[PDB]
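Novice: Before we start, here is the structure in question, set down as structure tokens.
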Amino acid sequence: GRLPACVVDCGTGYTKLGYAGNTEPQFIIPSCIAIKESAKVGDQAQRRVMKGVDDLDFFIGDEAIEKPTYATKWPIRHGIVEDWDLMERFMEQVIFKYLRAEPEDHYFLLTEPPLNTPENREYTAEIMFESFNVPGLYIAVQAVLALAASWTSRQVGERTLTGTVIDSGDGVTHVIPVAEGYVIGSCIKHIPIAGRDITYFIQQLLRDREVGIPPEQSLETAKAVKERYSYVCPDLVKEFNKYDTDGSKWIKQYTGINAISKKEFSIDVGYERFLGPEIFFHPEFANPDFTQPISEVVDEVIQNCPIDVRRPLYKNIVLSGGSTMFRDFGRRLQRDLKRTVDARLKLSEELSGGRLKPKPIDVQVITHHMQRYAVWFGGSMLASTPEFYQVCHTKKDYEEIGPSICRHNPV
Amino acid sequence: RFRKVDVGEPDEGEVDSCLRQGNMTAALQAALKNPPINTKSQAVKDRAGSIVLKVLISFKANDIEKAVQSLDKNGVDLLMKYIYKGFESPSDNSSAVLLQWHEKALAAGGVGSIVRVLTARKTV
Amino acid sequence: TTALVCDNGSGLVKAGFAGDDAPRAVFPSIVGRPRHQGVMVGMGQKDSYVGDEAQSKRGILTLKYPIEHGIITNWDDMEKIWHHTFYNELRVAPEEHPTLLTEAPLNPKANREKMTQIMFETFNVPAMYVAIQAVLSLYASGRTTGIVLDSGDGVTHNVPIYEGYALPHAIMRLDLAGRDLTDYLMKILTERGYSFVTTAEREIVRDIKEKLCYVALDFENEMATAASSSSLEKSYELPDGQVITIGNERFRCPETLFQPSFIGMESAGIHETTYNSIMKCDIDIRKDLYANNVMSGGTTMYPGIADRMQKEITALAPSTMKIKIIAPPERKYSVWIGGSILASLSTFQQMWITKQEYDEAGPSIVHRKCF
Amino acid sequence: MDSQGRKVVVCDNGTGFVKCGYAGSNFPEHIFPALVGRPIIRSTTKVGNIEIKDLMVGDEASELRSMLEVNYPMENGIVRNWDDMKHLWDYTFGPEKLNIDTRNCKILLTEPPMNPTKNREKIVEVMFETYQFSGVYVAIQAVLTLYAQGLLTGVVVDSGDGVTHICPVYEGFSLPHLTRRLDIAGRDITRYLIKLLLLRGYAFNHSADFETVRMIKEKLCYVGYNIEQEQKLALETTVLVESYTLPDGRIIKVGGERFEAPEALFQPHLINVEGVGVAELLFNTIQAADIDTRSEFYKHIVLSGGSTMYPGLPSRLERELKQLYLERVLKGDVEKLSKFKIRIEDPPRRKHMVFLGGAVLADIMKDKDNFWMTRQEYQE
Amino acid sequence: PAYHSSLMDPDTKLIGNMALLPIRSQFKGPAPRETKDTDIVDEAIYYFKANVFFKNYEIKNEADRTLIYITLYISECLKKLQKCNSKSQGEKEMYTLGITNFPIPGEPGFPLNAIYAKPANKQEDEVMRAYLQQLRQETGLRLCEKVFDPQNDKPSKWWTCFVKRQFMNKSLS
Ligand SMILES: Nc1ncnc2c1ncn2[C@@H]1O[C@H](COP(=O)(O)OP(=O)(O)O)[C@@H](O)[C@H]1O
Ligand SMILES: Nc1ncnc2c1ncn2[C@@H]1O[C@H](COP(=O)(O)OP(=O)(O)O)[C@@H](O)[C@H]1O
Ligand SMILES: Nc1ncnc2c1ncn2[C@@H]1O[C@H](COP(=O)(O)OP(=O)(O)O)[C@@H](O)[C@H]1O
Ligand SMILES: [Mg+2]
Ligand SMILES: [Mg+2]
Ligand SMILES: [Mg+2]
């Protein structure tokens, strides 16, 4: 019968693949491509050049992460495609090898970050409509898909169309207020910190101390430490004191296998348990061009929104994306806002002179179970609806308007 | 709405006779006598241009020196105005020969001759 | 079937069934459109919202009023509000219910002609009528003589009526009403630093106005009192728990009913406009009008407006006679009540405009029947 | 100066720039930014032997900003920190600039229209209770630009740094019920320009960056005359892409942002200000005035303040006023529009027409009685 | 953010730009000695592990220029203690570092000439150098009890890994 639509979520760390209506993606793969090693060629003054059929000699995802004779390139950076040569090949194998979808028969839902420079929408439309010749396409916005994925799992009474989405992927973090199902896009703020930046901070902080980690797999070990030993602490200066005075509780041993030979190695895991996650609250640790804690950008985003929506946004802060599921993430952010917002009300109450003591604001931060793939799920639910097939840009539009059709996005 | 509205706004017998006599140098000079650059009509322009081309393609390629150097500088500039007209109507043969006439009128008139094609407010 | 009454107020639409004592629907006469293009799907469900949902959602919505100064200004949106009234608030198929509408006096004639056309050609009603709002106030007051001051969201007007006869040359109209008092309140609060501006936020100033404003019985004495004590200052909690404070602004706001010069009008105030209309009636009538001032419409709810009016007229009129201001508590709904009364009387049932008349007379019929 | 030898200073304390000189001058002495700053260490920027004082003000704070936290003492025409405004005034009358013995001077201030009440009270206070001036006045932005233009009738469109005001004046009579405030002004166009440069992949976040992007704005931005043809130009051809050099030497490319940012003045929704743009908001002011005054207001639109200096703003503002008039008054009689007389007074000196207006007024009234508020009349 | 000098009472003498806080210490030197246990050198030592990570630091008190100087000097002291192999051997070495000459405000080598204005009074120079030397003496001797792990007397893994992280990228040498 009628085939289900495809949903592809080309994240910076991971790409999620599948078909509409399924409860979860059929593949989650690392967003990388392995291309044949070629440095022995006389590349005396220029990049490598392709001949024959050799350009098809690549792998993607888990086939690409540890090949013995292929260079693993990572074509997505900050959420944006940085090299379309690699991305067009990556899409080629995603469609034909993994999904097994013939592209000329399935509508596609793609996704973008809200930072996505318009040229990238024009290019991605060209590739889907001209290379893969899709019948129809829709460049959905990741935040509204994340909120919908929460909404559709909510029990009665909690199920509501207003909430501050905080999406923190591998590449960048966005705070995006949605009220009444309309994204208040002019109020969006971007925090230039994500899982990549936390990983490299651990990677540095190990290399300063724990020399002994093989460089060929330094990144693997920093990533594995982050995913399993790390947590958001309450404050630094007490944590350093806690570690120094009771190190037998706080220091952990990590044991790794060297991929060359098979010898063991082991490391003490220490301050990089709570440093790392701290860079959300002190971005100056990992980025000198930013200084506001996340628990301040959130308040600034909300306090720009219209006064009638302002309370509903505090009541339904939705965390989404892989970097938000550090232990105690939400518990700290709430504790910061319910400090900042209370201080605001107290000041205005005092300036009223104790008349009309204002009703409080109950800051609440919610953290549903799908967060590793919530955006994809919200995509797969959307793509099963009949209305999806109306809002898609149909191929007959592109053949009249050209790539300019995809110039706009919801600001 | 509030920003929708547009607001604030040649002697053909003489040439034939010279060609049929074979007086090729005079046949060029006969075509260049009275250019309709003064004249509003279009048909008289395309007429005059076609008459000039009739001479240029019927000129022998070796004689283009004796042709072009015979003209005065005001004629050489007028020849350039007719040359850049020919290129607007390509054909199998015409562009191959107009490109040669161009390079000999260029030696006679120089790059300044081309500026007086670009800058003239009248079409020949 | 029983007739509907549908007072197309400039501010609140008040609707219900003829013979009932109070309207079964009251909702705001606003149409809202989303500020932000960025719908999702399923949610983000409509291009526009009407009535109470447009108040509730208002932070995302630009709100427009289809009625300004009592004249219909956006017919597509006004049709939307009528459609909302019958099919959503009352849940009535209008094709079989007579509907009594209302109008302010001295409107453009083309206004009511367009109005009656839509009723017969879009809602295809059997019958309808278009009564003057001031005349309806005497039905709700249960009397047949008196001068009605009705001052609504959009227009203030006086119609004097004696022994059941209107005096059409003494009718007076003044385009000050609850809208302009709100914009003035929205202005004067800038003296405190409380900016608002947004059309959504004007609805908050409107609520501030309703809950705190009052009319001083001696403006200059209260002004000099507010200079001395904090006693008049009352705080108000905005939806985000910012607590604003308001002092002499509480009564300067409705004072521009009596001193229109505050907002640059050249007109005399509402007291003198009333008095001038009495002095435009014959000598024998005046004795009765002074006894029977009937206040009507929303802005007459300001605390003290009855006392201030009574004080002011007794200073202009000859001192030898009683002046009394009739002001029941339900005077906000007077016009709807007076419609429900009129549509119930047996003697009225003969004077409905009917489809069979409109089909032969065309829209001009409303200028012939409804007088 | 005055006959008694008293210096008659004139002083605009804008949220952007102090503009402060002597009455009767044709130019302001001593333009400098209303800025205060304090030394900090950054791990990413070089430190040197340039002495940074424990507090810096004004011009020096703006040029040494690379090693300063910096603050604007006044916003939207309202004083935020009276302590920093005291420092800014202390610099204004100080040895750096107007080296005046304030106790002997007469000073002409200005105040924005419809401003908060207690703002003016505390300004007038400090002039008699800290600087001890011999006389004060608080002039109105609207009448001053009319003195600089020599007019008696017009509609001023004063577009400063913090906020934009439209103020009708007719034959010297004020029309204060027609004053209209538009919340967009040059500070928000700079916040908007940052948000657009972030979309080309640049980053600007520190307090020192806000002044750098202001200078990018002043150099490169312009108001598009016909926004459709500007968008067509940017899409069809590359010519708008113009380079700039940051103080760090990093080259940035600026493209269609040059006209997208100023455009907020005419399409306020682009920066989430709900309302109508300056052209329509002006037009709705004229159409509120008494019917026969309207034909004079159209002949005397007066622009003032630095946020009018965008190339093409008068030309664009003419076009929209003509389209509004054809649409709403002439109902489409496009032949009849040729009779519409409209003048936008665009003097190139208009960037300082408020101070120039005060220097005229104070020179006309240097020695009169009922004008200057004296310190003898104060404290009662 | 950062950690800022907490101990400045409503009055205490400021020399040049720098506050002459007490220092609970046995060495000679000008500063008061009595009723202290928490102290300006202990704040620097207690904050140091956090305070070096912040890339931006706002001077807002004369006592910050006191605390900053300690936090700078601790990054010179660790450079020695890292190479030692006993608490006794480090502690002996740290005396010689404490005596060692360091540049004063305004000298061509002093790191923060933009923020520390030079002295000029002869008694100001002597009091300042006597104070700074007293600061150095205690700051070293405090760390010698803390960097060397008592289980083996060797310089600790944890403290020594900060040697690459000079505070705010400013050397004191
Ligand atoms: N349990 C965890 N705790 C903290 N971080 C995690 C955890 N699991 C995964 N991550 C990190 O989240 C990053 C972002 O994941 P995801 O949001 O799926 O990527 P993308 O943003 O590309 O879709 C991953 O690259 C991984 O480094
Ligand atoms: N309690 C109140 N006090 C003062 N004014 C009120 C009060 N309630 C409503 N209003 C004003 O009444 C106006 C509505 O008048 P109303 O007669 O109900 O509408 P309409 O005139 O359109 O029929 C509103 O603009 C509101 O400002
Ligand atoms: N050449 C220019 N073009 C456009 N805008 C300018 C120019 N020069 C300055 N500006 C802007 O105008 C303001 C300069 O201050 P000013 O016009 O004196 O405002 P104010 O008087 O209200 O302080 C700043 O907001 C600045 O961004
Ligand atoms: Mg992602
Ligand atoms: Mg009414
Ligand atoms: Mg100004």
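Numbering starts fresh at 1 for the residues of each chain in the structure tokens, the chains themselves are lettered A, B, ... in the order given, and ligands are numbered from 1 as they appear.
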Let me see if you get this right: every residue at most 10 Å from ligand 1, counting only C-alpha atoms and all ligand atoms, written as an MDAnalysis selection string.
Specialist: chainID A and resid 9:16 28:31 76:79 113 142 167:173 194:199 222:231 277 320:327 329 371:376
Novice: Contacts of range 16-19 of chain E at 9 Å or less, counting only C-alpha atoms, minus same-chain residues fewer than 4 places along, as number ranges by chain?
Specialist: E: 8, 12, 61-66, 105, 115-120, 124, 128
Novice: Using only C-alpha atoms and all ligand atoms, which residues have at least one atom no more than 6 Å from ligand 6? Output them as a PyMOL selection string.
Specialist: chain D and resi 14+160+305
Novice: Kindly save the residues from that selection, with N, CA and C atoms included, as a PDB file, in the first residue's frame.
Specialist:
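Okay, out.pdb is ready:
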```pdb
ATOM      1  N   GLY D  14      22.531  62.649  26.065  1.00  0.00           N
ATOM      2  CA  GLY D  14      21.923  61.522  25.393  1.00  0.00           C
ATOM      3  C   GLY D  14      22.380  60.195  25.964  1.00  0.00           C
ATOM      4  N   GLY D 160      16.834  59.202  18.359  1.00  0.00           N
ATOM      5  CA  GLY D 160      18.097  59.173  19.065  1.00  0.00           C
ATOM      6  C   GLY D 160      18.682  57.783  19.121  1.00  0.00           C
ATOM      7  N   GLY D 305      18.640  63.750  15.061  1.00  0.00           N
ATOM      8  CA  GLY D 305      19.314  62.704  15.798  1.00  0.00           C
ATOM      9  C   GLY D 305      19.956  61.658  14.903  1.00  0.00           C
TER      10      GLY D 305
END
```
Novice: May I have the residues of chain C within 8 Å of chain D, counting only C-alpha atoms, written as a list in words?
Specialist: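 My answer is residues 190, 191, 192, 193, 198, 262, 263 and 264 of chain C.
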Novice: Determine which residues of chain E sit within 8 Å of chain D, taking into account only C-alpha atoms, and present them as a list in words.
Specialist: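 Result, ordered by chain then number: residues 55, 56, 57, 58, 59, 112, 113, 114, 115, 117, 168, 169 and 170 of chain E.
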Novice: For the structure I just gave you, how does DSSP split chain E - specifically, which residues are alpha helix (DSSP H)? Reply as JSON, numbers by chain.
Specialist: {"E": [40, 41, 42, 43, 44, 45, 46, 47, 48, 49, 50, 51, 62, 63, 64, 65, 66, 67, 68, 69, 70, 71, 72, 73, 74, 75, 76, 77, 78, 79, 80, 81, 87, 88, 89, 90, 91, 92, 93, 94, 95, 96, 97, 98, 99, 122, 123, 124, 125, 126, 127, 128, 129, 130, 131, 132, 133, 134, 135, 136, 137, 138, 139, 140, 141, 142, 143, 144, 145, 146, 147, 157, 158, 159, 160]}
